[PDB]
Amino acid sequence: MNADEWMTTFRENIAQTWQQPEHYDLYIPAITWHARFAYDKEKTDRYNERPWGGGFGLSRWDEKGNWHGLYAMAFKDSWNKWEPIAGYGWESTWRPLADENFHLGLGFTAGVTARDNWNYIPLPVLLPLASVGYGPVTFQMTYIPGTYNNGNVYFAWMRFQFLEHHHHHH
């Protein structure tokens, strides 16, 4: 009587996980070449090899008007080693009354930094962040309150939204 009606509850969870979400987020540093004069390179074709880094994660929707943001960025040194980084938080995306050209959001974001083998404890952190949607690209600023040097420094990072969903038959 219980295992019957209760089974449907779990069966719904296994079905969702089996399908997996439908969103691919990639955290990439904010760069800009520009330069005074487009300098060319002799010999050697294609792009140059230089491990910079990057992050990957997913998104979640909340019926209670909540936008969960999960992303994991990893940094690989040039001559030392690489260390991953996990981060999760919540933010509220606000859309204007006209079109989807400019997006504005705000909320809190948490981050955990761990290293070495799997035994020690990581380093949890909580800092405010702002969401800004401009064109096909997304920008997220990081705020950090405190009275030390500036106490009002604003950071900016580049983000690429990937929406993949092909096939429709198992």
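A few points about the UniProt feature "active site" in the protein chain
- Those places that UniProt annotates as "active site" correspond, in this numbering, to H34, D77 and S78. For the annotated residues, spread through 45 residues, the largest C-alpha to C-alpha distance comes to 25.2 Å, inconsistent with a single compact locus.
- With respect to the helices and strands, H34 occurs in the loop between β1 (24-28) and β2 (54-62).
- Position of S78 among the secondary structure elements: in the loop between β3 (66-76) and β4 (82-94).
- Judged by relative accessible area, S78 falls into the exposed class, the value being 59%.

What about the sheet that holds β2?
- The eight strands lie next to each other as β1-β2-β3-β4-β5-β6-β7-β8, forming a closed barrel whose pairing is antiparallel. Pairwise comparison of adjacent strand axes, ignoring direction, gives a mean angle of 30° for this sheet.

Side note on the layout of surface pockets
- Size it by volume and the largest pocket reaches roughly 990 Å³.
- Where the lining of the largest pocket is concerned, the elements lending two or more residues are α1 (2-19), β2 and β8 (157-162).
- The element best represented in the lining of the largest pocket is β2, accounting for five residues.
- Its residues placed into classes, the lining of the largest pocket shows eight nonpolar, 13 polar and four charged.
- Its boundaries defined by the atoms lining it, the second largest pocket holds a volume of some 590 Å³.
- As for the second largest pocket, its lining consists of 25 residues, of which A110, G111, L129, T142 and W157 are closest to the centre.
- Every element with two or more residues in the lining of the second largest pocket is listed here: β3, β4, β5 (102-113), β6 (123-134) and β7 (137-142).
- Along the lines of polarity and charge, the residues of the lining of the second largest pocket split into 18 nonpolar, seven polar and no charged.

Observations concerning the pairing of β3
- For β2 and β3, the ladder comprises nine bridges, and the chain directions are antiparallel. Bridge pairing in β3 links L58 to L70.
- Connecting β2 to the next strand, β3, in antiparallel fashion are three residues, including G65 with a positive phi near 65°.
- Of the strand pairs in this sheet, β3 and β4 are connected by ten bridges, and their pairing is antiparallel. If you follow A74 over to β4, its bridge partner there is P84.
- Counted between consecutive antiparallel strands, the loop separating β3 from β4 contains five residues.

The rules behind each value
Residues numbered from 1 in each chain as written, not as in the entry; some residues may be left out. Heavy atoms only, no water. UniProt positions renumbered as here; feature names shortened; annotations may be inferred. Helix = DSSP H or I, 4+ residues; strand = E, 2+ residues; numbered from the N terminus. Buried < 20%, exposed > 50% of the residue type's maximum accessible area, 1.4 Å probe, protein only. Pairing = 2+ DSSP bridges. Axes fitted to C-alpha atoms, helices over the stretch in contact; angles between N-to-C directions. 1 Å grid on protein atoms, 1.4 Å probe; cavity = no way out; pocket = protein on both sides within 12 Å on 5 of 7 lines; lining within 4 Å. Points joined across faces, edges and corners; volume = space filled by probe spheres on them. Nonpolar A, V, L, I, M, F, W, Y, C, P; charged D, E, K, R; others polar.

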